[PDB]
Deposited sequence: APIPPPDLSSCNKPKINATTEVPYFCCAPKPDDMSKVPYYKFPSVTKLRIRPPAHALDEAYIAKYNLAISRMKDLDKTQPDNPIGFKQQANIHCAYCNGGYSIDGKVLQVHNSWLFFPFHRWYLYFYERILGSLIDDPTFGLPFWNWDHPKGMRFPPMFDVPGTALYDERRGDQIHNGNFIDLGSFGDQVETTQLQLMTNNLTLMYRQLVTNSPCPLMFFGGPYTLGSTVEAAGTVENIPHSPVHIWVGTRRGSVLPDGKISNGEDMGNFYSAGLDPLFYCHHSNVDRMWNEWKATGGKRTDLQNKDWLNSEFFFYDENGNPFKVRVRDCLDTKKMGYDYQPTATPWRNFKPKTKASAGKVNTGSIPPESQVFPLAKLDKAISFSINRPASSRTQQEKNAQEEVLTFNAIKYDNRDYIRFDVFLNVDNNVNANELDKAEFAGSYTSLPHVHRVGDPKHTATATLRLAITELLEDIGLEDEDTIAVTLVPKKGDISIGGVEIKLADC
């Protein structure tokens, strides 16, 4: 994490886009033509060469990896404030700018002014396998520090928590696309839920948005080696490369994953409405620091990365079949007797979520008008999720079911969302937008509903649970 930086950010100029905007198309990583794979490998190979020939050059492979490591570790400050780009509303714009310069570097090393950084299309069934171009040993895209959950033609598990898949292939694909639907539609109806919130003061509660939680974290977990296992070099793994935030940038696939995370921002806004960029001036005027492809230092602003076409790139149009994955069936017919389960006040603070537990919770308002629903989002909020930051964590949330719910079947109207964590006491919050579920299950006139938590991995405590109306 020895990242290069100017000591005095006040002397660093602000970036200016080139006067001639040369539009790059980022293509899906699967089924890429061999000629594109060849030049991607050449660019990465030349980037890695700089590790040896020019180890201090900021555009080299290891140094670009160090930039991400140092950002995740708090090693960059501008205007006297540390730049917090994880578990915060800076997550998307930081990575957009990071990849913008990374893509310009790749193109510059092969004299290709329109080189497009491919995206791992893990939201589409054709892209849910590990992308073949990255699994050719002896090429620059390859990384031996990956798990072997990724081969055999296995589909990615977008809710992975480091263990093997436990369902059928059909159900795993179904769960993946249901998670996409929940994370890109249901649970991100509004900007702060998609992007996350300010993670400024402490207030050390993590404030990730939807995508940063899921599917972003499970991809890291699925690709990286298994912590504790023997690496191909002989040493014990801490999740290297992708499974550890110190080393993730050392895997070329890291950038291709983030290309799709960046694409999610575009796809989320594509339906308009309330899914727009954050309008808060504090967010828009937040700054980051980067080196351009000529090794020159610059500051950039969030407000200047909102439109990728203005930055000179866009994504190859690609179907998003998860938009059709609103569950059609209910796991449980009828309505749960909320008098036969403990109220939230009796369960929380919950010292350990060791097994499935159900409880009743009060809604602040019932029979809400459509104008009310437009104005304020109904959000089920899990406060003070606490765990060891060295642990893998996952739990799922269902409405209107009981402790016997089959949590391997996410394609149900009752499935609300999930929380996961990638090992860095942590403290976190989970917010779920429940209006769509209350409508589908027929609970809109209820003052009290049943909630069921199902732990899947890790030792988890939860301080409290409340339903609030958020603007």
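Enquirer: What ranges of the deposited sequence are left out of this structure?
Expert: Gaps vs deposited seq, in order: 1-25, 450-458, 506.
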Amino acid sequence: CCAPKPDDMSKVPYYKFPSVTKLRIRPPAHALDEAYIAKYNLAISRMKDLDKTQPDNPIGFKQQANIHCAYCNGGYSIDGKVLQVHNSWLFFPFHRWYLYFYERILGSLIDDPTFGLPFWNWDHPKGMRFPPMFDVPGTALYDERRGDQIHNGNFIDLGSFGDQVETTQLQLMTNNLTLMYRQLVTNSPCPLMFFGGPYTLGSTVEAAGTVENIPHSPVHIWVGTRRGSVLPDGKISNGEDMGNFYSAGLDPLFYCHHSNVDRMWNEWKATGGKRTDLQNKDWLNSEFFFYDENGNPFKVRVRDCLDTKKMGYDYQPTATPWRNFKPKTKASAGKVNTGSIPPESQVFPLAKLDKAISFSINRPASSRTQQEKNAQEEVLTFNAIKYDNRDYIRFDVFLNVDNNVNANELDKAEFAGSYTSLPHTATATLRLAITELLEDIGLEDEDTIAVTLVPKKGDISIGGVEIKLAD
From here on, numbers count along this sequence of modelled residues.
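Enquirer: Do the CA atoms of 309-317 or those of 114-122 have the higher mean B-factor in the entry?
Expert: Higher mean C-alpha B-factor: 309-317.
Enquirer: Should the higher mean CA B-factor in the entry be assigned to 279-287 or to 126-134?
Expert: Taking the mean B-factor of the alpha carbons in each, 279-287 is higher.
Enquirer: Would you mind checking which of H216, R323, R182, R390 has the top Cα temperature factor in the PDB entry?
Expert: Max CA B-factor in the entry, restricted to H216, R323, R182, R390: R390.
Enquirer: In this PDB entry, which of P189, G159, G234, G239 has the top CA B-factor?
Expert: Most elevated C-alpha B-factor of the set, per the entry: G234.
Enquirer: When the modelled residues of the chain are sorted by Cα temperature factor, does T381 land in the lowest, middle or highest third?
Expert: Its C-alpha B-factor, which the entry lists for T381, ranks in the middle third among residues of this chain.
Enquirer: Test of reading the entry: by CA B factor among the chain's modelled residues, which third contains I25?
Expert: For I25, whose C-alpha B-factor we compare with every modelled residue in the chain, the answer is the lowest third.
Enquirer: For the chain shown, is the CA B-factor of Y246 in the lowest, middle or highest third of its modelled residues?
Expert: For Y246, whose C-alpha B-factor we compare with every modelled residue in the chain, the answer is the highest third.
Enquirer: Using only modelled residues of the chain, where does the Cα B factor of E344 rank: lowest third, middle third or highest third?
Expert: For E344, the deposited C-alpha B-factor lands in the middle third.
Enquirer: Lowest, middle or highest third: where is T427 by C-alpha B factor in its chain?
Expert: According to the entry, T427 has a C-alpha B-factor in the chain's highest third.
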